[PDB]
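What follows is a single chain, given as structure tokens, in the form deposited in one PDB entry.
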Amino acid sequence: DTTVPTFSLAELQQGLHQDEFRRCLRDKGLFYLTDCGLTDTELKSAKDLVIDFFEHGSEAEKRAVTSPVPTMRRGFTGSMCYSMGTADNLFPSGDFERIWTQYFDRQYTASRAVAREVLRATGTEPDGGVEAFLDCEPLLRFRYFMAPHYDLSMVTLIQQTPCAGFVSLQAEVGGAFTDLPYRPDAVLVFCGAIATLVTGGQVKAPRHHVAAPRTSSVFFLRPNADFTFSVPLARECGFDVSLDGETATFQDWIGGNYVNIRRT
């Protein structure tokens, strides 16, 4: 069955559907998530004020919220992007800041909450504990409009708005690329390679791609640099590590700059 499933976060938190969820994580590594605090209403408000900015902000206003290095980490990047994390943000105005701080907080809360359920369903206690693992280094990227890749996050949450009905996002499921359209009521979750790693290979990190024939909100839940894991265990589930020794950190593995995606 190559259906992309949907889970209620609330139901998962109540201990329901645990075998289904575990099988989804192992066999597919993607699902829609409902009842997680992330509404089309709220997306709508953040989306409107950032589109207003992209459409109608002077370039002086844009330059004030442009980083001096064009990394798409914070602020505006000209298809146009707006990026945020938990600090060091660049905001065009008081109203924008209120709306986007709130939006970011809800995405971060939902992402930590579903990651907690991924860890619980797989029996996983990260080295250093669950809450230090989840208090991490997220990145939110909003785009206004691929070669297939997998994400290097723990999980990635994706909200979309639809086209005037072309479906750009596709993921591999049961060995075929499958449409992943917008859902009013739901966020799309992709498991990333860090889920695979931390859980000892119990979670798939699916390949996906964004096709050209919209907007996308992508939240990457990314571990801290000092996230530590077992090297021989990494080797058991397909990681081609060049790491001496029995344990390593995320920094050891990926290097000194975050890397969000990888191709085969």
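In case it trips you up, residue 1 is the first one in the sequence shown, and so on.
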query: Unresolved deposited residues lying between neighbours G78 and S79; finding: 10 or more
query: Extent of unmodelled deposited sequence, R214 relative to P213; finding: 4 to 9
query: Mean C-alpha B-factor comparison - 195-203 and 58-66, higher one; finding: 58-66
query: 174-182 versus 110-118 - which carries the larger mean C-alpha B factor in the record; finding: 174-182
query: Criterion, highest CA B-factor; candidates, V231, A225, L43, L221; finding: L43
query: Out of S83, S168, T101, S153, highest CA B-factor residue; finding: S168
query: Entry-reported Cα temperature factor of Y144, expressed as the chain third it lands in; finding: highest
query: Ranked C-alpha temperature factor of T264 among modelled chain residues, by third; finding: highest
query: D95 CA temperature factor, ranked by third within the chain; finding: highest
query: Among modelled residues of the same chain, the CA temperature factor third for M72; finding: highest
query: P138 - Cα temperature factor, lowest/middle/highest third of chain; finding: lowest
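There is another form of the same protein, the form deposited with a small molecule bound; it is not shown, and what comes next is about it.
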query: Partner-proximal stretch of 94-102, 136-144, 171-179, 114-122 relative to the small molecule in the deposited bound form, 4.5 angstroms, heavy atom; finding: 136-144
query: Position in contact with the small molecule when the complex is considered in the deposited bound form, options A225, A64, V210, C237, heavy atoms within 4.5 Å; finding: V210
query: Interface membership of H149, the small molecule in the deposited bound form, 4.5 Å heavy atom rule; finding: yes
query: 4.5 angstroms heavy atom contact with the small molecule in the deposited bound form for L43; finding: no
query: Touches the small molecule in the deposited bound form: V218 (any heavy atom, 4.5 Å); finding: yes
query: Hinge pick from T71, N224, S45, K62, given that two rigid parts rotate relative to each other between this form and the one not shown; finding: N224
